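The sequence shown begins at 1 in the authors' numbering and counts up one residue at a time.
Positions of the beta carbon are idealized from the N, C-alpha and C atoms, including for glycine.
These notes concern the structure reproduced below.
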Amino acid sequence: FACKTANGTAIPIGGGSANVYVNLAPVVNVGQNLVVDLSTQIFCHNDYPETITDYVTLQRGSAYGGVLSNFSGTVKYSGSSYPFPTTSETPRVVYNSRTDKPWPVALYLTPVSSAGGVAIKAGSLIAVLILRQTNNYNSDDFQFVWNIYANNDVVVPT
Ligand SMILES: N#Cc1c(F)c(F)c(-c2ccc(O[C@H]3O[C@H](CO)[C@@H](O)[C@H](O)[C@@H]3O)c(Cl)c2)c(F)c1F
Numbered sequence: 001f002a003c004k005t006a007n008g009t010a011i012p013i014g015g016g017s018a019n020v021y022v023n024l025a026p027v028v029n030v031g032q033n034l035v036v037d038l039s040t041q042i043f044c045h046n047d048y049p050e051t052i053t054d055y056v057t058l059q060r061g062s063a064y065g066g067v068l069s070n071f072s073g074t075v076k077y078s079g080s081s082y083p084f085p086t087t088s089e090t091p092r093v094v095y096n097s098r099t100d101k102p103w104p105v106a107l108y109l110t111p112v113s114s115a116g117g118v119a120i121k122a123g124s125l126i127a128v129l130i131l132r133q134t135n136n137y138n139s140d141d142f143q144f145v146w147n148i149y150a151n152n153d154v155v156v157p158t
């Protein structure tokens with residue numbers, strides 16, 4: 001089991017960490033959701049599906065920078081929504097193919113407070129998402145740590 005980002009940055013067998021630079025909607029109005037859809041950015045595959053079923057959870061989702069201070073969030077994991085920052089670990093998603101498949105994570109972030117300025121600064125760390133990969137074969141328990149950075153400013157008009 002291994003993963004890569006849309007631009008080809010890889011985390012090999014055994015886990016590790018990688019940075020993900022995501023485009024954000026430049027404007028998020030009060031009462032609207034800022035969607036950070038990682039399913040277009042993070043992809044994983046099973047290296048021996050003939051015998052092994054890979055299990056993948058969101059082990060931890062943490063907020064940083066502007067998202068931590070001024071946004072309220074949920075994370076959608078494989079069609080179900082959970083609080084963001086995370087309190088529990090999600091149900092497992094299954095990977096059983098050598099062809100890359102999306103990691104189905106998206107953040108839904110709604111502004112709490114804003115003065116009209118830049119709520120999220122371009123280049124800042126907005127989230128750390130830890131993917132935990134286990135299987136039905138051995139006791140492997142590997143962490144794939146995704147450091148989510150904003151590519152652009154996000155403004156919340158007021
Ligand atoms: N014949 C044969 C044969 C073989 F060629 C293989 F490569 C393996 C095999 C390949 C990948 C393996 O592990 C990695 O890929 C797993 C599935 O993605 C993942 O769950 C693990 O954590 C880790 O990332 C493990 Cl353990 C074994 C195997 F079991 C075999 F029996």
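Beta strand (DSSP E) segments (min. 3 residues) lying fully within the stretch 87–127 = 93–95, 105–111, 118–120
Counted within 10 angstroms of its Cβ, other Cβ atoms place residue 137 as buried (16 or more) or exposed = exposed
Residues bridged to residue 148 (per DSSP) = 20, 127
Where residue 40 falls: helix, strand or coil (DSSP) = helix
query = Near residue 72, what residues of its chain come up, given a Cβ to Cβ distance below 6 Å and the 5 sequence neighbours on each side ignored?
reply = 110, 112
key: Inter-residue Cα distance where the pair is residue 153 and residue 139   = 42 Å
key: residue 61: first and last residue of the uninterrupted beta strand (DSSP E) it sits in   = 54–63
ask   = Roughly how many angstroms separate the alpha carbons of residue 55 and residue 134, rounded to a whole number?
value = 5 Å
task = Out of 94, 63, 85, state which residue places its alpha-carbon closest to the alpha-carbon of residue 78.
result = 94
inquiry  = So residue 39 and residue 105 are supposed to be a Cβ contact under 8 Å. How far apart are they, rounded?
reply    = 7 Å
task = Report all residues from its chain with a CB closer than 6 Å to the CB of residue 66; omit the five preceding and five following residues, and keep chain order.
result = 119, 120
task = Can you tell me which of the three DSSP states residue 136 falls into?
result = coil
Proximity below 8 Å, CB of residue 115 to CB of residue 84 = no
task = Give every residue of the same chain whose Cβ lies closer than 6 Å to the Cβ of residue 82, excluding the five residues on either side of it in the sequence, and list them in chain order.
result = 75
inquiry  = To the nearest angstrom, how far is the alpha carbon of residue 127 from that of residue 23?
reply    = 13 Å
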